[PDB]
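Below is one structure, written out as structure tokens; comments come after it.
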Amino acid sequence: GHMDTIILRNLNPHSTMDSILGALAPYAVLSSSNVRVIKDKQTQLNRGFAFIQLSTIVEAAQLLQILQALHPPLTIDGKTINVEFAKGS
């Protein structure tokens, strides 16, 4: 389920992770050493999903019912960031 990470889906191929970062990480204590939009190597684009790690596997589930209740609806490059969990087995 939560895996200490929230998948910022809809992550536009040219959105600046830096404007997305605080806009989806008021409590996740990150800057650079987590910021992985699964980005390519041939095209150097964001895949459409970023792995914002958390402070715990627990806080991830709770932040998903706090964050959107705060701040305006985030929309960069006309993509609403979706708020999915890092399901990996």
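Each position in the sequence shown, counted from 1, maps to that position plus 1 in our numbering.
Ideal Cβ positions, reconstructed from N, Cα and C, are used throughout, including at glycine.
Spatial neighbours of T81 within its chain, please: CB distance less than 8 Å, with the 5 preceding and 5 following residues excluded, ordered by chain position. Counting only Cβ-Cβ distances below 8 Å, and skipping sequence neighbours, we find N11, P74, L75.
With H, G and I counted as helix, E and B as strand and the rest as coil, what does DSSP make of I21? Judged by DSSP in its simplified three-state form, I21 adopts helix.
Going by beta-carbon coordinates alone, are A87 and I7 separated by less than 8 Å? Between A87 and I7, the gap from beta carbon to beta carbon is short of 8 Å.
What do you get for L71, buried or exposed, if any count of 16 or more other CB atoms within 10 angstroms of its CB means buried? Exposed, by the Cβ-count rule.
For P14 and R48, I'd like the C-alpha separation in whole angstroms. Looking at the two C-alpha atoms, the distance is approximately 7 Å.
Report the option in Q54, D41, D78, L68 whose CA atom is closest to the CA atom of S33. Of the candidates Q54, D41, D78, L68, the one whose C-alpha sits nearest the C-alpha of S33 is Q54.
Secondary structure at residue 92, three-state DSSP: helix, strand or coil? Here the chain covers residues 2 to 90 and nothing more, so residue 92 does not appear.
Buried versus exposed call for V38 [16 or more other C-beta atoms within 10 Å across all chains shown]: Buried is the call here.
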